[PDB]
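Dropping target-v1.tsv in here (TSV, N, CA, C and O atoms):
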```tsv
chain	number	residue	atom	x	y	z
A	1	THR	N	7.28	3.31	-1.08
A	1	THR	CA	7.77	4.19	-0.02
A	1	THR	C	7.04	5.53	-0.06
A	1	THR	O	7.41	6.42	-0.83
A	2	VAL	N	6.01	5.64	0.77
A	2	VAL	CA	5.23	6.86	0.84
A	2	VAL	C	4.81	7.12	2.29
A	2	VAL	O	4.37	6.20	2.98
A	3	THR	N	4.96	8.37	2.70
A	3	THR	CA	4.60	8.75	4.06
A	3	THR	C	3.30	9.56	4.06
A	3	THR	O	3.32	10.77	3.83
A	4	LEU	N	2.21	8.86	4.32
A	4	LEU	CA	0.90	9.49	4.35
A	4	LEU	C	0.87	10.54	5.46
A	4	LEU	O	1.86	10.72	6.17
A	5	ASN	N	-0.27	11.20	5.59
A	5	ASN	CA	-0.44	12.22	6.61
A	5	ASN	C	-1.78	12.01	7.32
A	5	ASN	O	-2.84	12.24	6.73
A	6	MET	N	-1.69	11.57	8.56
A	6	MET	CA	-2.88	11.33	9.36
A	6	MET	C	-3.77	10.27	8.71
A	6	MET	O	-4.14	10.39	7.54
A	7	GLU	N	-4.08	9.25	9.49
A	7	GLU	CA	-4.92	8.16	9.01
A	7	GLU	C	-5.57	7.42	10.18
A	7	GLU	O	-6.77	7.16	10.17
A	8	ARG	N	-4.74	7.11	11.17
A	8	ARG	CA	-5.22	6.41	12.35
A	8	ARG	C	-6.59	6.95	12.77
A	8	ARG	O	-6.82	8.15	12.71
A	9	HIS	N	-7.45	6.03	13.18
A	9	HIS	CA	-8.79	6.40	13.61
A	9	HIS	C	-9.67	6.64	12.39
A	9	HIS	O	-10.67	5.96	12.19
A	10	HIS	N	-9.26	7.62	11.59
A	10	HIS	CA	-10.01	7.96	10.39
A	10	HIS	C	-10.32	6.69	9.60
A	10	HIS	O	-9.84	5.61	9.94
A	11	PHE	N	-11.11	6.87	8.55
A	11	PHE	CA	-11.49	5.75	7.70
A	11	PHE	C	-10.66	5.72	6.42
A	11	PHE	O	-10.17	6.76	5.97
A	12	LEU	N	-10.53	4.53	5.86
A	12	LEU	CA	-9.77	4.36	4.63
A	12	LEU	C	-10.34	3.17	3.85
A	12	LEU	O	-10.68	2.14	4.43
A	13	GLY	N	-10.42	3.36	2.54
A	13	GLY	CA	-10.94	2.32	1.66
A	13	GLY	C	-9.90	1.91	0.62
A	13	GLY	O	-9.93	2.40	-0.51
A	14	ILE	N	-9.01	1.02	1.03
A	14	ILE	CA	-7.97	0.54	0.14
A	14	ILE	C	-8.11	-0.97	-0.03
A	14	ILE	O	-8.91	-1.61	0.65
A	15	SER	N	-7.32	-1.50	-0.96
A	15	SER	CA	-7.34	-2.93	-1.23
A	15	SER	C	-6.01	-3.37	-1.85
A	15	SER	O	-5.30	-2.56	-2.44
A	16	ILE	N	-5.71	-4.65	-1.68
A	16	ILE	CA	-4.48	-5.20	-2.22
A	16	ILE	C	-4.82	-6.32	-3.21
A	16	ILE	O	-5.97	-6.75	-3.30
A	17	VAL	N	-3.80	-6.76	-3.93
A	17	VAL	CA	-3.97	-7.82	-4.91
A	17	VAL	C	-2.62	-8.49	-5.17
A	17	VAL	O	-1.58	-7.98	-4.75
A	18	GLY	N	-2.68	-9.62	-5.86
A	18	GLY	CA	-1.48	-10.36	-6.18
A	18	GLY	C	-1.51	-10.85	-7.63
A	18	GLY	O	-2.34	-10.41	-8.42
A	19	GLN	N	-0.58	-11.75	-7.94
A	19	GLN	CA	-0.49	-12.30	-9.29
A	19	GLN	C	0.37	-13.56	-9.28
A	19	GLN	O	-0.12	-14.65	-9.57
A	20	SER	N	1.64	-13.37	-8.97
A	20	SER	CA	2.58	-14.48	-8.92
A	20	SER	C	4.02	-13.95	-8.91
A	20	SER	O	4.33	-12.98	-9.59
A	21	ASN	N	4.85	-14.61	-8.12
A	21	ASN	CA	6.24	-14.22	-8.00
A	21	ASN	C	7.11	-15.18	-8.83
A	21	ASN	O	6.83	-16.38	-8.89
A	22	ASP	N	8.14	-14.62	-9.44
A	22	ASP	CA	9.04	-15.40	-10.26
A	22	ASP	C	10.19	-14.52	-10.74
A	22	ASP	O	11.36	-14.87	-10.58
A	23	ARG	N	9.82	-13.38	-11.31
A	23	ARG	CA	10.81	-12.44	-11.82
A	23	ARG	C	10.17	-11.06	-12.02
A	23	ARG	O	9.28	-10.90	-12.84
A	24	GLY	N	10.66	-10.10	-11.24
A	24	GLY	CA	10.15	-8.74	-11.32
A	24	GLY	C	8.65	-8.74	-11.59
A	24	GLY	O	8.20	-8.23	-12.61
A	25	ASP	N	7.91	-9.31	-10.64
A	25	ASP	CA	6.46	-9.37	-10.76
A	25	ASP	C	5.93	-10.43	-9.80
A	25	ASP	O	6.31	-11.59	-9.87
A	26	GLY	N	5.04	-9.98	-8.91
A	26	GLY	CA	4.45	-10.88	-7.94
A	26	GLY	C	4.10	-10.13	-6.65
A	26	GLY	O	3.03	-10.34	-6.07
A	27	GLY	N	5.01	-9.26	-6.24
A	27	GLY	CA	4.81	-8.48	-5.03
A	27	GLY	C	3.42	-7.85	-5.01
A	27	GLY	O	3.08	-7.06	-5.89
A	28	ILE	N	2.65	-8.22	-4.00
A	28	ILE	CA	1.30	-7.70	-3.85
A	28	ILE	C	1.32	-6.18	-4.05
A	28	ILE	O	2.23	-5.50	-3.58
A	29	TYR	N	0.31	-5.70	-4.76
A	29	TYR	CA	0.20	-4.28	-5.03
A	29	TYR	C	-1.23	-3.78	-4.77
A	29	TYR	O	-2.19	-4.49	-5.05
A	30	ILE	N	-1.31	-2.57	-4.25
A	30	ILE	CA	-2.60	-1.97	-3.95
A	30	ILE	C	-3.55	-2.19	-5.13
A	30	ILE	O	-3.23	-1.82	-6.26
A	31	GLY	N	-4.69	-2.79	-4.83
A	31	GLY	CA	-5.68	-3.07	-5.86
A	31	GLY	C	-6.14	-1.77	-6.53
A	31	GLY	O	-6.28	-1.72	-7.75
A	32	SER	N	-6.37	-0.76	-5.71
A	32	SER	CA	-6.82	0.53	-6.21
A	32	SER	C	-7.00	1.50	-5.05
A	32	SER	O	-7.08	1.09	-3.89
A	33	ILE	N	-7.06	2.78	-5.40
A	33	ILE	CA	-7.23	3.82	-4.40
A	33	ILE	C	-8.61	4.47	-4.57
A	33	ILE	O	-8.92	4.98	-5.65
A	34	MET	N	-9.39	4.44	-3.50
A	34	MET	CA	-10.72	5.02	-3.53
A	34	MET	C	-10.72	6.36	-4.26
A	34	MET	O	-11.74	6.77	-4.81
A	35	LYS	N	-9.56	7.01	-4.25
A	35	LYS	CA	-9.42	8.29	-4.90
A	35	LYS	C	-10.35	9.31	-4.24
A	35	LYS	O	-10.68	10.33	-4.84
A	36	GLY	N	-10.76	8.99	-3.02
A	36	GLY	CA	-11.65	9.86	-2.27
A	36	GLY	C	-10.98	11.20	-1.99
A	36	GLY	O	-10.71	11.97	-2.91
A	37	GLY	N	-10.74	11.45	-0.71
A	37	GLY	CA	-10.12	12.69	-0.29
A	37	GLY	C	-8.88	12.42	0.57
A	37	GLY	O	-8.15	13.34	0.92
A	38	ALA	N	-8.68	11.14	0.87
A	38	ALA	CA	-7.54	10.74	1.67
A	38	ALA	C	-6.32	10.55	0.77
A	38	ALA	O	-5.54	11.49	0.57
A	39	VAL	N	-6.19	9.34	0.25
A	39	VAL	CA	-5.07	9.03	-0.63
A	39	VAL	C	-5.24	9.78	-1.95
A	39	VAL	O	-4.29	9.91	-2.72
A	40	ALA	N	-6.45	10.27	-2.17
A	40	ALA	CA	-6.75	11.01	-3.38
A	40	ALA	C	-6.09	12.39	-3.31
A	40	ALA	O	-5.44	12.82	-4.26
A	41	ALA	N	-6.27	13.04	-2.17
A	41	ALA	CA	-5.70	14.36	-1.96
A	41	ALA	C	-4.18	14.28	-2.12
A	41	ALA	O	-3.54	15.27	-2.47
A	42	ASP	N	-3.65	13.10	-1.86
A	42	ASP	CA	-2.22	12.88	-1.97
A	42	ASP	C	-1.78	13.14	-3.42
A	42	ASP	O	-0.81	13.86	-3.65
A	43	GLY	N	-2.52	12.54	-4.34
A	43	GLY	CA	-2.22	12.70	-5.75
A	43	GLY	C	-3.01	11.70	-6.60
A	43	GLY	O	-4.22	11.57	-6.43
A	44	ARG	N	-2.29	11.02	-7.48
A	44	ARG	CA	-2.92	10.04	-8.35
A	44	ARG	C	-2.27	8.67	-8.16
A	44	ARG	O	-1.80	8.06	-9.11
A	45	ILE	N	-2.26	8.22	-6.91
A	45	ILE	CA	-1.68	6.94	-6.57
A	45	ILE	C	-2.07	5.91	-7.64
A	45	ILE	O	-3.01	6.13	-8.41
A	46	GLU	N	-1.34	4.81	-7.65
A	46	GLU	CA	-1.60	3.75	-8.61
A	46	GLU	C	-1.74	2.41	-7.89
A	46	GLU	O	-1.32	2.26	-6.75
A	47	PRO	N	-2.36	1.43	-8.61
A	47	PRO	CA	-2.57	0.11	-8.06
A	47	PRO	C	-1.27	-0.69	-8.04
A	47	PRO	O	-1.02	-1.46	-7.11
A	48	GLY	N	-0.47	-0.48	-9.07
A	48	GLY	CA	0.80	-1.18	-9.19
A	48	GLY	C	1.89	-0.46	-8.38
A	48	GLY	O	3.08	-0.69	-8.59
A	49	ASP	N	1.44	0.38	-7.46
A	49	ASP	CA	2.35	1.13	-6.62
A	49	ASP	C	3.23	0.15	-5.83
A	49	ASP	O	4.37	0.46	-5.49
A	50	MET	N	2.65	-1.01	-5.55
A	50	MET	CA	3.36	-2.04	-4.81
A	50	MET	C	3.34	-1.74	-3.31
A	50	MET	O	4.37	-1.79	-2.64
A	51	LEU	N	2.15	-1.44	-2.82
A	51	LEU	CA	1.97	-1.13	-1.40
A	51	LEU	C	1.68	-2.43	-0.64
A	51	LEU	O	0.52	-2.79	-0.45
A	52	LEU	N	2.75	-3.08	-0.22
A	52	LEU	CA	2.63	-4.32	0.52
A	52	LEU	C	3.49	-4.25	1.78
A	52	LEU	O	3.62	-5.24	2.51
A	53	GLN	N	4.06	-3.07	2.01
A	53	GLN	CA	4.90	-2.86	3.17
A	53	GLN	C	4.54	-1.54	3.86
A	53	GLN	O	4.01	-0.63	3.22
A	54	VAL	N	4.84	-1.48	5.15
A	54	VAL	CA	4.55	-0.29	5.93
A	54	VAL	C	5.70	-0.03	6.89
A	54	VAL	O	6.40	-0.95	7.30
A	55	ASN	N	5.87	1.24	7.23
A	55	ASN	CA	6.93	1.64	8.15
A	55	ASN	C	8.19	0.84	7.83
A	55	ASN	O	8.50	0.59	6.67
A	56	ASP	N	8.89	0.46	8.89
A	56	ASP	CA	10.12	-0.31	8.74
A	56	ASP	C	9.77	-1.77	8.45
A	56	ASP	O	10.66	-2.61	8.33
A	57	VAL	N	8.47	-2.02	8.35
A	57	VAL	CA	7.99	-3.37	8.07
A	57	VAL	C	8.03	-3.62	6.56
A	57	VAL	O	7.93	-2.68	5.77
A	58	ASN	N	8.17	-4.89	6.21
A	58	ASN	CA	8.21	-5.27	4.81
A	58	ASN	C	7.66	-6.69	4.65
A	58	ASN	O	8.40	-7.66	4.74
A	59	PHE	N	6.35	-6.76	4.43
A	59	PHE	CA	5.69	-8.04	4.26
A	59	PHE	C	5.96	-8.62	2.87
A	59	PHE	O	5.03	-8.99	2.16
A	60	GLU	N	7.24	-8.69	2.53
A	60	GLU	CA	7.65	-9.22	1.24
A	60	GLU	C	7.34	-10.71	1.16
A	60	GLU	O	6.46	-11.13	0.41
A	61	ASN	N	8.07	-11.48	1.96
A	61	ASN	CA	7.89	-12.92	1.98
A	61	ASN	C	6.40	-13.24	2.11
A	61	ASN	O	5.95	-14.30	1.70
A	62	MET	N	5.67	-12.29	2.69
A	62	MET	CA	4.24	-12.45	2.88
A	62	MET	C	3.52	-12.60	1.54
A	62	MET	O	3.25	-13.71	1.09
A	63	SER	N	3.24	-11.45	0.93
A	63	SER	CA	2.56	-11.44	-0.36
A	63	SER	C	1.52	-12.56	-0.41
A	63	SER	O	1.53	-13.37	-1.33
A	64	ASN	N	0.65	-12.56	0.58
A	64	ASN	CA	-0.40	-13.56	0.66
A	64	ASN	C	-1.65	-13.04	-0.04
A	64	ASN	O	-2.76	-13.51	0.23
A	65	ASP	N	-1.44	-12.08	-0.93
A	65	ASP	CA	-2.54	-11.49	-1.68
A	65	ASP	C	-3.69	-11.18	-0.72
A	65	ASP	O	-4.84	-11.12	-1.13
A	66	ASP	N	-3.33	-10.98	0.54
A	66	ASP	CA	-4.31	-10.67	1.57
A	66	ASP	C	-3.60	-10.09	2.79
A	66	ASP	O	-4.07	-10.24	3.92
A	67	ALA	N	-2.48	-9.43	2.53
A	67	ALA	CA	-1.71	-8.82	3.60
A	67	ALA	C	-2.58	-7.82	4.36
A	67	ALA	O	-2.25	-7.43	5.47
A	68	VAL	N	-3.69	-7.45	3.72
A	68	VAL	CA	-4.61	-6.51	4.33
A	68	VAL	C	-5.08	-7.05	5.68
A	68	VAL	O	-5.20	-6.31	6.65
A	69	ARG	N	-5.34	-8.35	5.70
A	69	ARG	CA	-5.79	-9.01	6.91
A	69	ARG	C	-4.97	-8.53	8.11
A	69	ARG	O	-5.43	-8.58	9.25
A	70	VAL	N	-3.76	-8.08	7.81
A	70	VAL	CA	-2.86	-7.59	8.85
A	70	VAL	C	-2.71	-6.08	8.72
A	70	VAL	O	-2.80	-5.35	9.71
A	71	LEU	N	-2.48	-5.64	7.49
A	71	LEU	CA	-2.32	-4.22	7.21
A	71	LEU	C	-3.48	-3.45	7.85
A	71	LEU	O	-3.27	-2.39	8.44
A	72	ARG	N	-4.67	-4.00	7.70
A	72	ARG	CA	-5.86	-3.38	8.25
A	72	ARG	C	-5.78	-3.34	9.78
A	72	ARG	O	-6.48	-2.56	10.42
A	73	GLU	N	-4.91	-4.18	10.32
A	73	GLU	CA	-4.73	-4.25	11.76
A	73	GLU	C	-3.84	-3.11	12.24
A	73	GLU	O	-3.84	-2.77	13.42
A	74	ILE	N	-3.10	-2.54	11.30
A	74	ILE	CA	-2.20	-1.44	11.61
A	74	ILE	C	-3.03	-0.20	11.96
A	74	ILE	O	-3.39	0.00	13.12
A	75	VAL	N	-3.31	0.60	10.94
A	75	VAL	CA	-4.08	1.81	11.13
A	75	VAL	C	-5.16	1.56	12.18
A	75	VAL	O	-5.47	2.44	12.99
A	76	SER	N	-5.72	0.36	12.14
A	76	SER	CA	-6.76	-0.02	13.08
A	76	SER	C	-6.26	0.17	14.52
A	76	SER	O	-6.82	0.96	15.27
A	77	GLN	N	-5.22	-0.58	14.85
A	77	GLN	CA	-4.65	-0.51	16.18
A	77	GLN	C	-3.12	-0.40	16.10
A	77	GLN	O	-2.59	0.38	15.31
A	78	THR	N	-2.46	-1.20	16.92
A	78	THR	CA	-1.01	-1.20	16.95
A	78	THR	C	-0.45	-1.12	15.53
A	78	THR	O	-1.15	-1.42	14.56
A	79	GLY	N	0.81	-0.71	15.44
A	79	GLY	CA	1.47	-0.59	14.16
A	79	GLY	C	1.58	0.88	13.73
A	79	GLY	O	0.56	1.57	13.62
A	80	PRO	N	2.84	1.33	13.51
A	80	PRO	CA	3.09	2.70	13.10
A	80	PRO	C	2.72	2.91	11.63
A	80	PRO	O	2.87	2.00	10.81
A	81	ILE	N	2.24	4.11	11.34
A	81	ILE	CA	1.84	4.45	9.99
A	81	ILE	C	3.08	4.87	9.19
A	81	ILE	O	3.99	5.50	9.73
A	82	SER	N	3.08	4.51	7.92
A	82	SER	CA	4.19	4.84	7.04
A	82	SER	C	4.23	3.87	5.86
A	82	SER	O	5.29	3.37	5.50
A	83	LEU	N	3.06	3.65	5.28
A	83	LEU	CA	2.95	2.75	4.14
A	83	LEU	C	4.23	2.82	3.31
A	83	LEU	O	4.86	3.87	3.22
A	84	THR	N	4.59	1.68	2.74
A	84	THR	CA	5.79	1.60	1.92
A	84	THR	C	5.55	0.69	0.71
A	84	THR	O	4.76	-0.25	0.78
A	85	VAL	N	6.25	1.00	-0.37
A	85	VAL	CA	6.13	0.22	-1.59
A	85	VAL	C	7.52	-0.07	-2.15
A	85	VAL	O	8.47	0.68	-1.89
A	86	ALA	N	7.61	-1.15	-2.91
A	86	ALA	CA	8.87	-1.55	-3.50
A	86	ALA	C	8.98	-0.95	-4.91
A	86	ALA	O	9.41	-1.62	-5.84
A	87	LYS	N	8.57	0.31	-5.01
A	87	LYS	CA	8.61	1.01	-6.28
A	87	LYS	C	7.86	0.19	-7.34
A	87	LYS	O	7.48	-0.96	-7.08
A	88	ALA	N	7.67	0.80	-8.49
A	88	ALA	CA	6.97	0.14	-9.58
A	88	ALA	C	6.89	1.09	-10.78
A	88	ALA	O	6.31	2.17	-10.69
A	89	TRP	N	7.49	0.66	-11.88
A	89	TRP	CA	7.50	1.46	-13.09
A	89	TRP	C	6.10	2.04	-13.29
A	89	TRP	O	5.19	1.34	-13.74
A	90	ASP	N	5.96	3.31	-12.93
A	90	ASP	CA	4.68	3.99	-13.06
A	90	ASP	C	4.90	5.35	-13.71
A	90	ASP	O	5.96	5.96	-13.55
A	91	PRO	N	3.86	5.81	-14.45
A	91	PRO	CA	3.93	7.10	-15.13
A	91	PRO	C	3.76	8.25	-14.13
A	91	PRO	O	2.65	8.61	-13.78
A	92	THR	N	4.90	8.78	-13.71
A	92	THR	CA	4.90	9.88	-12.76
A	92	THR	C	5.79	11.02	-13.26
A	92	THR	O	6.96	11.10	-12.89
A	93	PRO	N	5.19	11.89	-14.11
A	93	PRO	CA	5.92	13.02	-14.67
A	93	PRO	C	6.11	14.12	-13.62
A	93	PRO	O	5.44	15.15	-13.67
A	94	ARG	N	7.03	13.87	-12.70
A	94	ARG	CA	7.31	14.82	-11.65
A	94	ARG	C	6.07	15.66	-11.34
A	94	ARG	O	6.13	16.89	-11.34
A	95	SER	N	4.97	14.97	-11.09
A	95	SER	CA	3.71	15.63	-10.79
A	95	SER	C	3.90	16.59	-9.62
A	95	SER	O	3.94	17.81	-9.81
```

For the file at hand, write its structure as structure tokens.
Amino acid sequence: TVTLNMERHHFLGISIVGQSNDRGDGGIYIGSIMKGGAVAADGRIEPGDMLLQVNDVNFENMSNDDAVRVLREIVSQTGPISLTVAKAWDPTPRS
């Protein structure tokens, strides 16, 4: 659950990945963040952030380890911005 700031039109270099679902583990998670000036300026995002959902959307059942095929269709065209994640035990000392 993260609300980016301006993205549409602009360029973005993100990626997703999977592993397997069974128990607290499987939900596709951002492969990595270019750490450029976009998501980088945001902070120190993580790959296990669990970015497989956007806006009020939740491609949970999806987790096709390629949700990008669609996610990329968002910022690209139709689809409101508002990336979302199902949380993920990550080291975030109230940065």

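Using only C-alpha atoms, the shortest contact distance between residue 66 of chain A and any of A:48, A:26, A:18, A:37 is found at A:18.
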
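Note that atom O of residue 95 of chain A and atom N of residue 60 of chain A are 29.4 Å apart.
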
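Take the candidates A:42, A:22, A:49, A:73 and check each one against residue 6 of chain A using only C-alpha atoms; the shortest distance goes to A:42.
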
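Nearest residue to residue 9 of chain A among A:87, A:44, A:94, A:72 is A:72, counting only C-alpha atoms.
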
Problem set entry | Counting only N, CA, C and O atoms, the option among A:74, A:83, A:34, A:39 closest to residue 56 of chain A | A:83

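Using all atoms listed in the file, the shortest contact distance between residue 77 of chain A and any of A:29, A:24, A:62, A:8 is found at A:8.
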
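Assigned to helix (DSSP H, G or I) in chain A, given DSSP computed from backbone atoms, are residues 39, 40, 41, 42, 47, 48, 49, 68, 69, 70, 71, 72, 73, 74, 75 and 76 of chain A.
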
Problem set entry | Those in segment 9-48 of chain A with strand (DSSP E or B) from DSSP, as a ChimeraX atom specification | /A:14-17,29-33

Grab the residues selected above and save them as a tab-separated table (two decimals), keeping the file's coordinate frame with N, CA, C and O atoms.
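And here's again_9.tsv as it stands now:
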```tsv
chain	number	residue	atom	x	y	z
A	14	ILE	N	-9.01	1.02	1.03
A	14	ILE	CA	-7.97	0.54	0.14
A	14	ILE	C	-8.11	-0.97	-0.03
A	14	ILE	O	-8.91	-1.61	0.65
A	15	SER	N	-7.32	-1.50	-0.96
A	15	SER	CA	-7.34	-2.93	-1.23
A	15	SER	C	-6.01	-3.37	-1.85
A	15	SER	O	-5.30	-2.56	-2.44
A	16	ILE	N	-5.71	-4.65	-1.68
A	16	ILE	CA	-4.48	-5.20	-2.22
A	16	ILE	C	-4.82	-6.32	-3.21
A	16	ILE	O	-5.97	-6.75	-3.30
A	17	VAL	N	-3.80	-6.76	-3.93
A	17	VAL	CA	-3.97	-7.82	-4.91
A	17	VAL	C	-2.62	-8.49	-5.17
A	17	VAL	O	-1.58	-7.98	-4.75
A	29	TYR	N	0.31	-5.70	-4.76
A	29	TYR	CA	0.20	-4.28	-5.03
A	29	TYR	C	-1.23	-3.78	-4.77
A	29	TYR	O	-2.19	-4.49	-5.05
A	30	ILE	N	-1.31	-2.57	-4.25
A	30	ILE	CA	-2.60	-1.97	-3.95
A	30	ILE	C	-3.55	-2.19	-5.13
A	30	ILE	O	-3.23	-1.82	-6.26
A	31	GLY	N	-4.69	-2.79	-4.83
A	31	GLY	CA	-5.68	-3.07	-5.86
A	31	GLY	C	-6.14	-1.77	-6.53
A	31	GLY	O	-6.28	-1.72	-7.75
A	32	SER	N	-6.37	-0.76	-5.71
A	32	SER	CA	-6.82	0.53	-6.21
A	32	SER	C	-7.00	1.50	-5.05
A	32	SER	O	-7.08	1.09	-3.89
A	33	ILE	N	-7.06	2.78	-5.40
A	33	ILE	CA	-7.23	3.82	-4.40
A	33	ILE	C	-8.61	4.47	-4.57
A	33	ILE	O	-8.92	4.98	-5.65
```

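With only C-alpha atoms as the basis for measurement, A:67 is the residue among A:33, A:2, A:86, A:67 that approaches residue 17 of chain A most closely.
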
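Using only N, CA, C and O atoms, the contacts of residue 52 of chain A at a cut-off of 4.5 Å, with sequence neighbours closer than 2 positions omitted, comprise residues 28, 50, 59 and 84 of chain A.
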
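For the pair atom CA of residue 5 of chain A and atom CA of residue 25 of chain A, the separation is 28.6 Å.
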
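Interatomic distance, atom N of residue 57 of chain A to atom O of residue 82 of chain A: 6.9 Å.
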